[PDB]
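These notes concern the structure reproduced below.
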Amino acid sequence: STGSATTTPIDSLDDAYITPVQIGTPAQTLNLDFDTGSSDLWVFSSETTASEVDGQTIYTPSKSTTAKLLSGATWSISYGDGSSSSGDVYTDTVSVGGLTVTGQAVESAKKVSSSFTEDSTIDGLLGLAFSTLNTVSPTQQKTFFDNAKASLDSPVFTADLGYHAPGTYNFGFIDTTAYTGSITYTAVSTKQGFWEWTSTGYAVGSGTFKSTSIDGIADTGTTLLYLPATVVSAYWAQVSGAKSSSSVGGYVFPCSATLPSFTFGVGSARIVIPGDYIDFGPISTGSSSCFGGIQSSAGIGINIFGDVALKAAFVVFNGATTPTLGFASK
């Protein structure tokens, strides 16, 4: 089997991408944030505290003839941005782009943190990291991809995120028309539960490539590119007037600037992020200070190849017995 679904930016900055997901019988379609940095499929629901729902579409398990309470199971998750959610668990039929999994754990939110409530466009998350990170207790549950894997034509999914445009998540096949050149594959460590890999270096604009190992994670659920402070300083030094602002929370730059590109290495290959992808717009409405899309990971504990980096590539998440990642230009 295969599946193919369009993923759509939630706003004009590409802050996140939503993908329609069919849950239950008859189908209830929710727009979920596919997140290769986490491993829970959770949704706003008829059980979510009413004051914490503000415009999201909810899953109502009592209206699904295939929903079953997973007795005794609870979940609770906290994300790198400080947000969180928790609740109970149902199993139900879940379909993405024509690919159907029966008995998928659907984590129904009883509580969500304010950042979720305040974002009416995201109805939940669909985790695509390794199932060892799934938070369901006392019996950890598998991700949608893990449940689908054996049925897929090939045990892979691909992320093709658009810049200011829709893109595609495919399951079970590699669309050879969706990229240019060849796909360069690179080793993955699953020791932390992430799609963790080592970039071979970077370049700023037309500058020389610096060969240096940068361990990080491929994370579709993180907006920005978070890299070591040395790398980030080297980038922003090429933008006149750019500076790190403690009050704003990262590097800002004059909105009148033209940003240089940023290149990262994948083996001997190179992925170029155009400068425009690094502009996240005014820090507040009407400001001439703009927020940068490359930020320091120093306070995170891990480097994160988020959407800024991934949307410059066609990315293969190869879930074979020994997983690997593939990157192609597009």
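Counting neighbours? That spans all protein chains shown, and the Cβs are built from the backbone with ideal geometry, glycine included. The values are calculated or read from the model by the stated rules, or taken from the named source; these are not laboratory values.
Per-structure values
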| quantity | calculated |
| --- | --- |
| Count of residues meeting criterion [more than 22 Å from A105 (Cβ to Cβ) and either in contact with a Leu (Cβ under 7 Å, 6 or more places away or on another chain) or assigned by CATH to the domain that holds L224 (or both)] in region 9-53 | 1 |
| Residue that is surrounded by the most Cβ atoms within 10 Å (Cβ to Cβ), among those in region 38-71 that are assigned to a helix (DSSP H, G or I) and in contact with a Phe, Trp or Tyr (Cβ under 9 Å, 6 or more places away or on another chain) | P61 |
| Of all residues making up region 170-187, the number that are more than 22 Å from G98 (Cβ to Cβ), among the hydrophobic types (A, V, I, L, M, F, W, C) and buried (at least 17 other Cβ atoms within 10 Å of the Cβ) | 1 |
| For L126: the one exception among (1) in contact (Cβ under 8 Å) with a residue 12 or more places away in the chain; (2) within 30 Å of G72 (Cα to Cα); (3) in a loop (DSSP other than H, G, I, E, B) | (3) |
| Selection from region 267-278 of residues that are surrounded by fewer than 22 Cβ atoms within 10 Å (Cβ to Cβ) and in contact with a strand residue (DSSP E or B) (Cβ under 6 Å, 6 or more places away or on another chain) | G267, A269, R270, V272 |
| Selected residue [closer than 17 Å to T6 by Cα, touching a residue at least 12 places away in the same chain (Cβ under 8 Å) and not assigned by CATH to the domain that holds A73] from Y169, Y179, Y202 | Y179 |
| Residues that are over 16 Å from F44 (Cα atoms) and of a type in the set (K, R), drawn from region 102-153 | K142, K149 |
| Qualifying residue in region 108-120 (condition: farther than 16 Å from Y79 by Cβ and outside any strand (DSSP E or B)) | yes |
| Test: residue in region 145-156 that is within 20 Å of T91 (Cβ to Cβ), part of a loop (DSSP other than H, G, I, E, B) and basic (K, R) | no |
| When residues of region 9-38 are limited to those that are among the hydroxyl-bearing types (S, T, Y) and touching a strand residue (DSSP E or B) at 6+ places or on another chain (Cβ under 7 Å), the one nearest to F280 (Cα to Cα) | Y17 |
